[PDB]
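Peer 1:
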Amino acid sequence: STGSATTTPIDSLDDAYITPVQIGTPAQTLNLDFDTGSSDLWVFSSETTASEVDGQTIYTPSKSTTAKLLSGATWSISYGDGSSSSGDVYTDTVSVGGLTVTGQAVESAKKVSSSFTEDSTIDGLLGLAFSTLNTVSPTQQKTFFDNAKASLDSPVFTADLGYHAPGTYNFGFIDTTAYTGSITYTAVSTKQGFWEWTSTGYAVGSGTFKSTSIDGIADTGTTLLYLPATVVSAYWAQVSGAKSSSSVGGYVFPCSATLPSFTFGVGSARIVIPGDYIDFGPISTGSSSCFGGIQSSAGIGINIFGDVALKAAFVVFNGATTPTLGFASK
């Protein structure tokens, strides 16, 4: 089997991408944030505290003839941005782009943190990291991809995120028309539950490539590119007037600037992020100070190849017995 679904930016900055997901019988379609940095499929629901729902579409398990409460199971998650959610668990039929999993754990939120409430466009998350990170207790549950894997034509999914435009998540096949050149595959460590890999270096604009190992995670659920402070300083030094602002929380730059590209290495291959992809717009409405899309990871503990990086590539998440990642230009 295969599946293919379009993923759409939630706003004009590509702050996140939403993909329609069918849950239950009859289907209830929710727009979920596919997140290769986490491993829970959780949704706003008829059980979510009413004051914490503000425009999201909810899953109502009592209206699904295939929903079954997973007795005694609860979940609770906290994400790298400080947001969190928790609740109980159903199993139900879940379909993405024509690919159906029966008995998928659907984590129904009873509580969500304010950042979720305040974002009416995201109805929940669909985790695509390794199932070892799933938070369901006392019996950990499998991700959608883990449940589908054995049925897929090939045990892979691909992320093809658009810049200011829709893109595609495919399951079970490589669309060889969706990229240029070849796909360069690189080793993955699953020891932390992530799609963790090592970039071979970087360049700023037309500058010389610096060969240096940068360990990080491929994370579709993170907006920006978080890299070591040395790398980030080298990038922003090429933008007149750019500076790190402690009050804003990162590098800012004059909105009048033209940003240079940023290249990252995948083995001997190179992925070029155009400068425009690094512009996240005014820090507050009407400001002439703009927020940068490349930020320091120094306070995170891990480097994160988020959407800024991934949307410059066609990315293969190869879930074979020994997982690997593939990157192609497009």
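Note that this note's numbering has the sequence shown beginning at 97, numbered continuously upward. Note that the Cβ used here is the ideal one computed from N, Cα and C, for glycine as well.
Would you kindly report the start and end of the unbroken beta strand (DSSP E) that includes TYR331?
Peer 2: Residue mapping note: residue 331 aligns to position 235 of the sequence shown, counting from 1. Careful: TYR331 lies outside any beta strand (DSSP E), inside the alpha helix (DSSP H) at 325-332.
Peer 1: From what residue to what residue does the alpha helix (DSSP H) around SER211 run?
Peer 2: By 1-based counting over the sequence shown, the position of residue 211 is 115. Taken as a continuous stretch (DSSP letters only), the alpha helix (DSSP H) holding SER211 covers 210-213.
Peer 1: Between the C-alpha atoms of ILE313 and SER160, what's the straight-line distance to the nearest angstrom?
Peer 2: The residue labelled residue 313 in the question sits at position 217 within the sequence shown. The residue labelled residue 160 in the question sits at position 64 within the sequence shown. C-alpha separation (whole angstroms): 36 Å.
Peer 1: Leaving aside the five residues before and after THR213 along the sequence, list all residues of the same chain whose C-beta is less than 6 Å from its C-beta, in chain order.
Peer 2: Here residue 213 refers to the residue found at position 117 of the sequence shown. Excluding sequence neighbours, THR213 sits near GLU148, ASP150.
Peer 1: Keeping to the same chain, check which residues put their C-beta closer than 7 Å to that of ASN399; ignore five residues upstream and five downstream.
Peer 2: For this step, residue 399 is matched to residue 303 along the sequence shown. If we look at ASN399 and ignore the five residues flanking it on each side, its Cβ neighbours are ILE310, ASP311, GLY312, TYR322, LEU323, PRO324, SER393.
Peer 1: What do you get for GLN124, buried or exposed, if any count of 16 or more other CB atoms within 10 angstroms of its CB means buried?
Peer 2: If you number the sequence shown from 1, residue 124 lands on position 28. Flag for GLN124 reads buried.
Peer 1: Quick one: measure Cβ to Cβ for residue 66 and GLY422, integer angstroms, because I've assumed they're closer than 8 Å.
Peer 2: Absent from the structure is residue 66, since the part of the chain shown begins at 97 and ends at 426.
Peer 1: With 16 as the cutoff for other CB atoms within 10 Å, does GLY397 come out buried or exposed?
Peer 2: In the sequence shown, the residue the question calls residue 397 occupies position 301. Label assigned to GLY397: exposed.
Peer 1: Looking only at its chain, what residues have a beta carbon closer than 6 Å to the beta carbon of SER307, apart from the 5 residues adjacent to it on each side?
Peer 2: Within the sequence shown, residue 307 is the residue found at index 211, counting from 1. Taken in chain order, the residues that qualify are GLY297.
Peer 1: Name, in chain order, the residues that DSSP records as bridge partners for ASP375.
Peer 2: Residue 375 sits at position 279 when you count from the first residue of the sequence shown. For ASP375, which the question treats as bridged, DSSP gives the partners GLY388.
Peer 1: Would you grab the beta carbon distance between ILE369 and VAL328 for me? Rounded to a whole angstrom, and I think it's under 8 Å.
Peer 2: Translated into the one-based positions of the sequence shown, residue 369 becomes position 273. Translated into the one-based positions of the sequence shown, residue 328 becomes position 232. Between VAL328 and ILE369 the Cβ distance is about 13 Å, and since that is not below 8 Å, they are no contact.
Peer 1: With a threshold of 8 Å, are at least 3 pairs of Cβ atoms found where one atom belongs to the segment 125-140 and the other to the segment 218-225?
Peer 2: These segments touch.
Peer 1: Which residues bound the alpha helix (DSSP H) around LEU406?
Peer 2: Translated into positions along the sequence shown, residue 406 becomes position 310. From DSSP, the alpha helix (DSSP H) with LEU406 extends over 403-406.
Peer 1: Return the chain-ordered ranges of every alpha helix (DSSP H) run that is complete within the segment 238-304 and spans a minimum of 4 residues.
Peer 2: Counting only runs of 4 or more, we get 240-244.
Peer 1: Measure the CB-CB distance between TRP293 and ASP315 and report whether it falls below 9 Å.
Peer 2: The sequence position of residue 293 within the sequence shown is 197, counting from 1. The sequence position of residue 315 within the sequence shown is 219, counting from 1. No.
Peer 1: Which of helix, strand or coil does DSSP assign to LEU229?
Peer 2: Here the question's residue 229 lines up with position 133 in the sequence shown. Here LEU229 sits in helix by DSSP.
Peer 1: On the three-state DSSP scale, how would you describe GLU148?
Peer 2: Mapped onto the sequence shown, residue 148 falls at position 52. Note: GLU148 maps to helix in three-state DSSP.
Peer 1: So does the segment 172-182 actually touch the segment 247-261, counting three or more Cβ pairs closer than 8 Å?
Peer 2: No, the segment 172-182 does not touch the segment 247-261.
Peer 1: What are the boundary residues of the beta strand (DSSP E) that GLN124 is part of?
Peer 2: Locating residue 124 in the sequence shown gives position 28, counting from the first residue. Unbroken beta strand (DSSP E) run through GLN124: 124-131.
Peer 1: Between which two residues does the beta strand (DSSP E) carrying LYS306 extend?
Peer 2: Counting from one through the sequence shown, the residue named residue 306 turns up at place 210. That run of the beta strand (DSSP E) goes 306-314.
Peer 1: What residues in its chain sit with their C-beta under 8 Å from that of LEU165, if we drop five residues either side in the sequence?
Peer 2: For the purposes of this step, residue 165 is taken as the residue at position 69 of the sequence shown. Once the five neighbours on either side are set aside, the close Cβ partners of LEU165 are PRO157, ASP184, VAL185, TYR186.
Peer 1: Would you report the Cα separation of residue 455 and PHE305, rounded to the nearest angstrom?
Peer 2: In the structure as shown, the chain begins at 97 and stops at 426. Residue 455 is therefore absent and cannot be evaluated.
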